[PDB]
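Peer 1: My structure file start_32.tsv, TSV, N, CA and C atoms and all ligand atoms, is below:
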chain	number	residue	atom	x	y	z
Q	359	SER	N	211.08	140.44	62.64
Q	359	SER	CA	212.13	139.55	62.19
Q	359	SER	C	211.72	138.84	60.91
Q	360	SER	N	212.56	137.90	60.47
Q	360	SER	CA	212.36	137.18	59.22
Q	360	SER	C	211.95	135.73	59.43
Q	361	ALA	N	211.36	135.40	60.57
Q	361	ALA	CA	210.97	134.02	60.86
Q	361	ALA	C	209.88	133.52	59.92
Q	362	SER	N	208.78	134.27	59.80
Q	362	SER	CA	207.67	133.91	58.93
Q	362	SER	C	207.10	132.53	59.25
Q	363	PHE	N	206.52	132.37	60.43
Q	363	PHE	CA	206.03	131.07	60.88
Q	363	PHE	C	204.86	130.61	60.03
Q	364	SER	N	204.90	129.34	59.63
Q	364	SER	CA	203.79	128.71	58.92
Q	364	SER	C	202.95	127.83	59.82
Q	365	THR	N	203.55	127.24	60.85
Q	365	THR	CA	202.85	126.41	61.81
Q	365	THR	C	203.19	126.84	63.23
Q	366	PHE	N	202.16	127.10	64.03
Q	366	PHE	CA	202.29	127.47	65.43
Q	366	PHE	C	201.08	126.91	66.17
Q	367	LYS	N	201.30	125.91	67.03
Q	367	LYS	CA	200.21	125.24	67.71
Q	367	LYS	C	200.64	124.84	69.11
Q	368	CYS	N	199.74	125.08	70.10
Q	368	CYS	CA	199.98	124.91	71.57
Q	368	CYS	C	198.98	123.97	72.29
Q	369	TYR	N	199.38	123.21	73.33
Q	369	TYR	CA	198.54	122.29	74.10
Q	369	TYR	C	198.65	122.62	75.57
Q	370	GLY	N	197.51	122.61	76.26
Q	370	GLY	CA	197.45	122.86	77.68
Q	370	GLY	C	197.24	124.31	78.06
Q	371	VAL	N	197.36	125.21	77.12
Q	371	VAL	CA	197.23	126.65	77.42
Q	371	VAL	C	196.61	127.24	76.17
Q	372	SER	N	195.86	128.32	76.29
Q	372	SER	CA	195.37	128.91	75.06
Q	372	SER	C	196.24	130.09	74.64
Q	373	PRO	N	196.41	130.31	73.34
Q	373	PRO	CA	197.33	131.35	72.87
Q	373	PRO	C	196.97	132.75	73.32
Q	374	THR	N	195.69	133.06	73.47
Q	374	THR	CA	195.28	134.41	73.83
Q	374	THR	C	195.51	134.72	75.30
Q	375	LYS	N	196.09	133.81	76.06
Q	375	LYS	CA	196.28	133.99	77.49
Q	375	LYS	C	197.75	134.03	77.89
Q	376	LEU	N	198.65	133.74	76.96
Q	376	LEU	CA	200.08	133.67	77.25
Q	376	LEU	C	200.63	134.96	77.84
Q	377	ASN	N	200.02	136.10	77.54
Q	377	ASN	CA	200.51	137.38	78.03
Q	377	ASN	C	200.19	137.62	79.49
Q	378	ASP	N	199.35	136.79	80.11
Q	378	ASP	CA	198.92	137.00	81.48
Q	378	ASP	C	199.46	135.94	82.43
Q	379	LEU	N	200.42	135.13	81.99
Q	379	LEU	CA	200.86	133.96	82.74
Q	379	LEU	C	202.33	134.09	83.14
Q	380	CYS	N	202.66	133.49	84.28
Q	380	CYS	CA	204.03	133.33	84.75
Q	380	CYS	C	204.35	131.85	84.87
Q	381	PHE	N	205.56	131.48	84.47
Q	381	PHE	CA	205.98	130.09	84.49
Q	381	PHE	C	207.12	129.90	85.48
Q	382	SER	N	207.19	128.69	86.04
Q	382	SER	CA	208.27	128.30	86.92
Q	382	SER	C	209.43	127.63	86.20
Q	383	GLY	N	209.24	127.19	84.97
Q	383	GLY	CA	210.31	126.57	84.21
Q	383	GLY	C	209.94	126.45	82.75
Q	384	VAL	N	210.90	126.78	81.88
Q	384	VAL	CA	210.71	126.70	80.43
Q	384	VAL	C	211.94	126.05	79.82
Q	385	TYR	N	211.72	125.08	78.93
Q	385	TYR	CA	212.78	124.49	78.12
Q	385	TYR	C	212.48	124.69	76.65
Q	386	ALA	N	213.53	124.72	75.83
Q	386	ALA	CA	213.38	124.87	74.39
Q	386	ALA	C	214.27	123.86	73.68
Q	387	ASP	N	213.65	123.02	72.85
Q	387	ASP	CA	214.36	122.06	72.01
Q	387	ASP	C	214.28	122.52	70.56
Q	388	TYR	N	215.39	122.41	69.83
Q	388	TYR	CA	215.40	122.94	68.48
Q	388	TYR	C	216.15	122.03	67.52
Q	389	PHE	N	215.61	121.90	66.30
Q	389	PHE	CA	216.26	121.10	65.26
Q	389	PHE	C	215.75	121.45	63.86
Q	390	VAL	N	216.16	120.66	62.87
Q	390	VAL	CA	215.81	120.87	61.47
Q	390	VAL	C	215.21	119.58	60.91
Q	391	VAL	N	214.08	119.70	60.21
Q	391	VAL	CA	213.48	118.57	59.49
Q	391	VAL	C	213.14	119.00	58.07
Q	392	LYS	N	212.49	118.13	57.31
Q	392	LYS	CA	211.98	118.49	56.00
Q	392	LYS	C	210.49	118.77	56.08
Q	393	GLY	N	209.96	119.42	55.03
Q	393	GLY	CA	208.60	119.92	55.06
Q	393	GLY	C	207.54	118.86	55.26
Q	394	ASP	N	207.77	117.66	54.75
Q	394	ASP	CA	206.78	116.59	54.89
Q	394	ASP	C	206.84	115.91	56.24
Q	395	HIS	N	207.85	116.20	57.06
Q	395	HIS	CA	207.99	115.62	58.38
Q	395	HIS	C	207.54	116.56	59.50
Q	396	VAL	N	207.04	117.75	59.17
Q	396	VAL	CA	206.69	118.71	60.21
Q	396	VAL	C	205.45	118.27	60.98
Q	397	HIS	N	204.45	117.70	60.30
Q	397	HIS	CA	203.24	117.28	60.99
Q	397	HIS	C	203.48	116.13	61.95
Q	398	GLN	N	204.65	115.52	61.89
Q	398	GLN	CA	205.06	114.41	62.73
Q	398	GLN	C	205.48	114.86	64.12
Q	399	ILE	N	205.70	116.16	64.32
Q	399	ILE	CA	206.16	116.68	65.61
Q	399	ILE	C	204.91	117.08	66.38
Q	400	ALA	N	204.33	116.11	67.07
Q	400	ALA	CA	203.12	116.32	67.86
Q	400	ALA	C	202.94	115.13	68.79
Q	401	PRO	N	202.30	115.32	69.94
Q	401	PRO	CA	202.06	114.18	70.84
Q	401	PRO	C	201.12	113.17	70.19
Q	402	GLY	N	201.45	111.89	70.36
Q	402	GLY	CA	200.61	110.82	69.88
Q	402	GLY	C	200.69	110.51	68.40
Q	403	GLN	N	201.83	110.76	67.76
Q	403	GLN	CA	201.99	110.50	66.34
Q	403	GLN	C	202.89	109.30	66.11
Q	404	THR	N	202.87	108.80	64.88
Q	404	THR	CA	203.68	107.68	64.46
Q	404	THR	C	204.41	108.03	63.17
Q	405	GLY	N	205.45	107.28	62.88
Q	405	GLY	CA	206.26	107.47	61.70
Q	405	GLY	C	207.72	107.45	62.08
Q	406	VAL	N	208.58	107.67	61.09
Q	406	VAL	CA	210.01	107.47	61.30
Q	406	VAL	C	210.58	108.49	62.30
Q	407	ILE	N	210.20	109.76	62.18
Q	407	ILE	CA	210.71	110.77	63.10
Q	407	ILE	C	210.14	110.62	64.50
X	359	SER	N	183.67	127.64	38.61
X	359	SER	CA	184.46	128.86	38.64
X	359	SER	C	185.95	128.52	38.78
X	360	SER	N	186.77	129.56	38.88
X	360	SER	CA	188.22	129.42	38.97
X	360	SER	C	188.75	129.73	40.37
X	361	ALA	N	187.91	129.67	41.40
X	361	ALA	CA	188.33	130.00	42.75
X	361	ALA	C	189.34	128.99	43.29
X	362	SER	N	189.03	127.70	43.19
X	362	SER	CA	189.93	126.63	43.64
X	362	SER	C	190.28	126.76	45.11
X	363	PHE	N	189.30	126.58	45.99
X	363	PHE	CA	189.45	126.81	47.42
X	363	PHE	C	190.46	125.84	48.03
X	364	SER	N	191.36	126.38	48.85
X	364	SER	CA	192.34	125.60	49.58
X	364	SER	C	192.03	125.47	51.06
X	365	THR	N	191.32	126.44	51.63
X	365	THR	CA	190.88	126.40	53.01
X	365	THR	C	189.39	126.71	53.06
X	366	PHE	N	188.61	125.75	53.54
X	366	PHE	CA	187.18	125.92	53.78
X	366	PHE	C	186.88	125.32	55.14
X	367	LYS	N	186.68	126.17	56.14
X	367	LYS	CA	186.48	125.65	57.49
X	367	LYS	C	185.48	126.55	58.18
X	368	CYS	N	184.50	125.90	58.86
X	368	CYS	CA	183.30	126.53	59.50
X	368	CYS	C	183.09	126.24	61.01
X	369	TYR	N	182.62	127.21	61.83
X	369	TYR	CA	182.39	127.08	63.26
X	369	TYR	C	180.96	127.49	63.54
X	370	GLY	N	180.32	126.61	64.31
X	370	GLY	CA	178.92	126.79	64.69
X	370	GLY	C	178.05	126.38	63.54
X	371	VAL	N	178.56	125.53	62.64
X	371	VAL	CA	177.81	125.09	61.42
X	371	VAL	C	178.40	123.78	60.90
X	372	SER	N	177.57	122.85	60.45
X	372	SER	CA	178.08	121.65	59.76
X	372	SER	C	177.91	121.86	58.26
X	373	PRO	N	178.93	121.61	57.42
X	373	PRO	CA	178.83	121.75	55.96
X	373	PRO	C	177.68	120.99	55.34
X	374	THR	N	177.28	119.86	55.90
X	374	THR	CA	176.26	119.03	55.30
X	374	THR	C	174.84	119.51	55.56
X	375	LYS	N	174.65	120.53	56.40
X	375	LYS	CA	173.33	121.07	56.68
X	375	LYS	C	173.10	122.45	56.07
X	376	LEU	N	174.10	123.00	55.39
X	376	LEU	CA	173.99	124.33	54.81
X	376	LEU	C	172.84	124.44	53.81
X	377	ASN	N	172.43	123.32	53.21
X	377	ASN	CA	171.34	123.33	52.24
X	377	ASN	C	169.96	123.29	52.88
X	378	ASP	N	169.86	123.02	54.18
X	378	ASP	CA	168.57	122.92	54.85
X	378	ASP	C	168.35	124.03	55.86
X	379	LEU	N	169.09	125.13	55.75
X	379	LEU	CA	169.06	126.19	56.75
X	379	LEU	C	168.59	127.50	56.14
X	380	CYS	N	167.92	128.30	56.96
X	380	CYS	CA	167.52	129.65	56.60
X	380	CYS	C	168.09	130.62	57.63
X	381	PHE	N	168.59	131.75	57.15
X	381	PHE	CA	169.31	132.70	57.99
X	381	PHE	C	168.56	134.02	58.09
X	382	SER	N	168.62	134.62	59.27
X	382	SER	CA	168.07	135.94	59.51
X	382	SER	C	168.99	137.07	59.06
X	383	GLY	N	170.29	136.83	58.96
X	383	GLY	CA	171.21	137.85	58.50
X	383	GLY	C	172.56	137.25	58.15
X	384	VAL	N	173.17	137.77	57.08
X	384	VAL	CA	174.46	137.31	56.60
X	384	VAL	C	175.35	138.51	56.29
X	385	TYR	N	176.59	138.49	56.79
X	385	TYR	CA	177.60	139.47	56.43
X	385	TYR	C	178.81	138.80	55.79
X	386	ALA	N	179.48	139.53	54.90
X	386	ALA	CA	180.66	139.00	54.21
X	386	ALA	C	181.79	140.01	54.28
X	387	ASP	N	182.91	139.62	54.88
X	387	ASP	CA	184.13	140.43	54.93
X	387	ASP	C	185.14	139.84	53.96
X	388	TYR	N	185.90	140.70	53.27
X	388	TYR	CA	186.84	140.18	52.29
X	388	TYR	C	188.13	141.00	52.26
X	389	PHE	N	189.25	140.29	52.10
X	389	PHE	CA	190.56	140.95	52.01
X	389	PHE	C	191.66	140.05	51.44
X	390	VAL	N	192.90	140.53	51.48
X	390	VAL	CA	194.06	139.84	50.91
X	390	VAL	C	195.14	139.71	51.97
X	391	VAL	N	195.69	138.51	52.11
X	391	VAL	CA	196.85	138.26	52.98
X	391	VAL	C	197.88	137.45	52.21
X	392	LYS	N	198.94	137.02	52.88
X	392	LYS	CA	199.92	136.14	52.26
X	392	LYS	C	199.74	134.71	52.77
X	393	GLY	N	200.51	133.79	52.18
X	393	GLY	CA	200.31	132.37	52.42
X	393	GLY	C	200.52	131.93	53.85
X	394	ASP	N	201.54	132.46	54.52
X	394	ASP	CA	201.82	132.06	55.90
X	394	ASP	C	200.92	132.75	56.91
X	395	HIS	N	200.12	133.72	56.48
X	395	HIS	CA	199.21	134.43	57.37
X	395	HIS	C	197.79	133.89	57.33
X	396	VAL	N	197.50	132.90	56.48
X	396	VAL	CA	196.13	132.41	56.33
X	396	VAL	C	195.66	131.70	57.59
X	397	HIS	N	196.54	130.97	58.27
X	397	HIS	CA	196.14	130.23	59.45
X	397	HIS	C	195.80	131.13	60.63
X	398	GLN	N	196.07	132.43	60.54
X	398	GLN	CA	195.77	133.37	61.61
X	398	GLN	C	194.33	133.87	61.58
X	399	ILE	N	193.57	133.56	60.53
X	399	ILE	CA	192.17	134.00	60.44
X	399	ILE	C	191.32	132.89	61.05
X	400	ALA	N	191.22	132.92	62.37
X	400	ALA	CA	190.43	131.96	63.13
X	400	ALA	C	190.25	132.50	64.54
X	401	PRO	N	189.13	132.20	65.19
X	401	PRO	CA	188.91	132.70	66.55
X	401	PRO	C	189.98	132.20	67.51
X	402	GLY	N	190.39	133.07	68.42
X	402	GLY	CA	191.30	132.70	69.49
X	402	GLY	C	192.75	132.53	69.11
X	403	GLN	N	193.23	133.25	68.11
X	403	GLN	CA	194.61	133.15	67.66
X	403	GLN	C	195.41	134.39	68.04
X	404	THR	N	196.73	134.28	67.92
X	404	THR	CA	197.65	135.39	68.07
X	404	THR	C	198.53	135.50	66.83
X	405	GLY	N	199.33	136.55	66.80
X	405	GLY	CA	200.16	136.89	65.67
X	405	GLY	C	200.02	138.35	65.36
X	406	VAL	N	200.57	138.77	64.22
X	406	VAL	CA	200.51	140.18	63.87
X	406	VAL	C	199.17	140.54	63.25
X	407	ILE	N	198.61	139.66	62.42
X	407	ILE	CA	197.32	139.92	61.80
X	407	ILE	C	196.18	139.85	62.80
Q	501	LIG	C1	198.12	97.21	52.63
Q	501	LIG	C2	197.79	97.65	54.04
Q	501	LIG	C3	197.51	96.49	54.96
Q	501	LIG	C4	197.56	96.83	56.44
Q	501	LIG	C5	196.59	97.88	56.87
Q	501	LIG	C6	196.54	98.06	58.35
Q	501	LIG	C7	197.52	98.42	59.15
Q	501	LIG	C8	198.50	99.53	58.91
Q	501	LIG	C9	197.89	100.89	58.85
Q	501	LIG	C10	198.54	102.02	58.67
Q	501	LIG	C11	199.92	102.16	58.11
Q	501	LIG	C12	200.44	103.56	58.13
Q	501	LIG	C13	201.76	103.74	57.40
Q	501	LIG	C14	202.80	104.52	58.15
Q	501	LIG	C15	202.46	105.97	58.36
Q	501	LIG	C16	203.49	106.73	59.18
Q	501	LIG	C17	203.08	108.15	59.43
Q	501	LIG	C18	203.36	109.12	58.30
Q	501	LIG	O1	203.96	108.70	57.29
Q	501	LIG	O2	202.98	110.30	58.44
Take the structure in this file and express it as structure tokens.
Peer 2:
Amino acid sequence: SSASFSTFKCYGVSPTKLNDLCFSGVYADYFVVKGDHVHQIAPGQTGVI
Amino acid sequence: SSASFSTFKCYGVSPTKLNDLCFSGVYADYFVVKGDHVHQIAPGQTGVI
């Protein structure tokens, strides 16, 4: 596809193990920000967003 | 030089001790990727590269 991810980061699970796991529930939240506000989307951060 | 490094990150080594160390063997791998693929060159990652 044409996604071309620049940032991909996970907590509580390691990326090399996702192919061997089963989940009981998954949710997906989606929105649009600007480039300087991307680092703000993380647990334990501060700022306007 | 004209390298102008943008990513310099080391594992199993502190940058401030590189001048006081002696090594039994050193290998160097080199190649070309694109800008959004640079973060994939690290242990324990996923992606196409
Ligand atoms: C002149 C400073 C005097 C006060 C210093 C001490 C307290 C305040 C410290 C930090 C202020 C951070 C600014 C807001 C940053 C938001 C996050 C971001 O934008 O990503």
Peer 1: Tell me the residues of chain X close to chain Q, meaning within 6.5 Å using all atoms listed in the file, as a PyMOL selection string.
Peer 2: chain X and resi 394+402-404
Peer 1: Now that the selection is made, can you save its residues with N, CA and C atoms as a PDB file, in the frame of the given file?
Peer 2:
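Written output follows (result-v3.pdb):
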ATOM      1  N   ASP X 394     201.540 132.460  54.520  1.00  0.00           N
ATOM      2  CA  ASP X 394     201.820 132.060  55.900  1.00  0.00           C
ATOM      3  C   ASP X 394     200.920 132.750  56.910  1.00  0.00           C
ATOM      4  N   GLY X 402     190.390 133.070  68.420  1.00  0.00           N
ATOM      5  CA  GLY X 402     191.300 132.700  69.490  1.00  0.00           C
ATOM      6  C   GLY X 402     192.750 132.530  69.110  1.00  0.00           C
ATOM      7  N   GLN X 403     193.230 133.250  68.110  1.00  0.00           N
ATOM      8  CA  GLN X 403     194.610 133.150  67.660  1.00  0.00           C
ATOM      9  C   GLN X 403     195.410 134.390  68.040  1.00  0.00           C
ATOM     10  N   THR X 404     196.730 134.280  67.920  1.00  0.00           N
ATOM     11  CA  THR X 404     197.650 135.390  68.070  1.00  0.00           C
ATOM     12  C   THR X 404     198.530 135.500  66.830  1.00  0.00           C
TER      13      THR X 404
END
Peer 1: Ligand LIG 501 (chain Q): which residues are within 12 Å, counting only C-alpha atoms and all ligand atoms, as number ranges by chain?
Peer 2: Q: 393-400, 402-407
Peer 1: Kindly provide, as AutoDock Vina command-line options, the centre and edge lengths (Å, one decimal) of an axis-aligned box around all atoms of stretch 374-391 of chain X given in the file, with 6 Å on each side.
Peer 2:
--center_x 182.7 --center_y 130.0 --center_z 55.2 --size_x 42.4 --size_y 34.0 --size_z 20.6
Peer 1: Quote the spacing between atom CA of residue Q:401 and atom CA of residue Q:369 in Å to one decimal place.
Peer 2: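 Separating atom CA of residue Q:401 from atom CA of residue Q:369 is a distance of 9.4 Å.
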Peer 1: To one decimal place, how far is atom N of residue Q:381 from atom N of residue Q:368 in Å?
Peer 2: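 Straight-line distance from atom N of residue Q:381 to atom N of residue Q:368 works out to 16.8 Å.
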